[PDB]
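All of the numbers you see were taken from the coordinates with simple rules; none came from a lab. Using ideal geometry, Cβ is built from the backbone for each residue, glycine included, and neighbour counts are taken over all protein chains shown.
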Amino acid sequence: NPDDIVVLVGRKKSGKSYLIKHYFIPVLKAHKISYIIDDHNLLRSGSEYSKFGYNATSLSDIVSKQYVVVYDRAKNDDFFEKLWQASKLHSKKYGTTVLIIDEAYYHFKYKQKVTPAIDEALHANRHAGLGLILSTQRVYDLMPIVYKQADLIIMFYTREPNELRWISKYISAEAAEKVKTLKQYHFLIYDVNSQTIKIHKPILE
Ligand SMILES: Nc1ncnc2c1ncn2[C@@H]1O[C@H](COP(=O)(O)OP(=O)(O)CP(=O)(O)O)[C@@H](O)[C@H]1O
Ligand SMILES: [Mg+2]
Ligand SMILES: [Mg+2]
Ligand SMILES: [Zn+2]
């Protein structure tokens with residue numbers, strides 16, 4: 001489902017962005033589904049996702065360009081609110097769109113303020129015609145309501161006790177047990193709605 005909320009959790013170099021770049025993005029593009037990437041990581045030239053769409057420099061670009069990448073310099077509440085409004089208008093034009101947010105702790109941080117945009121993103125995304133892919137490094141980086149509102153939660157290896165406790169409490173105790181034994185680039189997929197778990201082999205490319 002293009003309007004699903006998907007959350008990816010994995011340590012640095014776990015393979016979560018690789019999953020976005022070589023599974024999610026290709027599948028979206030294959031089904032002719034548009035996306036907007038909120039990118040926080042600068043590279044030597046450009047940003048991490050520069051190759052994956054039009055590098056926007058105005059709000060107008062966000063609405064008009066079918067595949068769009070937004071480098072987020074301010075990384076604040078005001079920016080996400082503006083991006084969300086522009087994403088909704090983008091969705092009006094291009095139909096159901098996935099908003100991809102790497103390093104999502106900038107906008108959905110544990111104990112941060114829930115703006116109107118955040119509340120809408122997590123509760124009214126389908127009506128807004130927007131799916132979400134949210135990515136973070138530790139489970140406890142984000143507001144627990146993100147996991148309660150997700151449709152799919154993807155997790156790579158961890159045995160960190162606070163992480164396991166969060167997973168047990170807000171996601172699934174079965175997930176908390178199974179995440180401990182994942183090998184490199186293997187991942188667990190928890191379906192929040194069916195309460196089902198599948199272990200996935202590393203993706204090819
Ligand atoms: N399924 C897979 N098969 C082979 N190699 C993989 C893989 N998934 C990830 N890798 C390798 O691991 C490296 C790091 O992957 P990735 O960038 O997805 O993790 P990450 O997003 O957590 C790092 P960062 O914290 O910088 O964002 C990639 O350069 C890739 O070469
Ligand atoms: Mg990454
Ligand atoms: Mg130890
Ligand atoms: Zn951002």
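Some points to look at:
- 222 nm mean residue ellipticity, helices alone, for the chain (DSSP H n ≥ 4; -39,500 (n - 2.57); rounded to 500): -8500 deg cm²/dmol
- Whole-Hz Karplus values for the stretch 4-13 come out as 6, 9, 10, 10, 10, 10, x, 4, 3, 6 Hz, taken residue by residue from phi with 6.51 cos²θ - 1.76 cosθ + 1.60 and θ = phi - 60°; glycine and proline positions read x.
- Helix 77-94 and the long axis of the chain differ in direction by around 70°, with both axes built from C-alpha atoms.
- Residue with peak Gaussian network fluctuation, the chain [Cα springs, cutoff 10 Å], from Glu120, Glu177, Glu160: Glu160
- Student exercise, the chain dipole from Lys, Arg, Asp, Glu Cβ charges, in Debye to nearest 20: 480
- On full extension, the segment bounded by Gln85 and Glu205 gains 39.9 nm, given 0.36 nm per residue less the C-alpha separation.
- Loop-located trypsin sites (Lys or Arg not before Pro) in the stretch 92-129 (DSSP state other than H, G, I, E, B) with a sparse environment of at most 10 neighbouring Cβ atoms within 10 Å: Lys111, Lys113.
- Residue of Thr115, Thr158, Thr96 that the Gaussian network model of the chain assigns the largest fluctuation, springs spanning Cα pairs under 10 Å: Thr115
- Nonlocal amide H pairs with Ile37, under 5 Å, H built at 1.01 Å: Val68, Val69, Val70, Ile100
- Cross-link pairs exceeding 22 Å between alpha carbons, from the set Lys12/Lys75; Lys21/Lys180; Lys16/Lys88; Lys21/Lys178; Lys16/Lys201; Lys29/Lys183: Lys21/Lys180; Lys16/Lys88; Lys21/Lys178; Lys29/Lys183.
- Remark: the Cα gyration tensor places the stretch 1-160 in the rounded category, a/c being less than 1.5.
- Computed lengthening from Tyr54 to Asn193, 0.36 nm per intervening residue step minus Cα-Cα distance: 46.6 nm
- Gaussian network model of the chain, Cα within-10 Å springs - most flexible of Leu99, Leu182, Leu43: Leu43
- Full-extension gain in nm, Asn76 to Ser64, via 0.36 nm per residue minus C-alpha separation: 2.0 nm
- Ranked by the mean number of other Cβ atoms within 10 Å of their residues, highest first, the peptides 36-42, 71-77 come out as 36-42, 71-77.
- Amide H within-cut-off set for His200, under 5 Å, with H built and near neighbours excluded: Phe187, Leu188, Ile189
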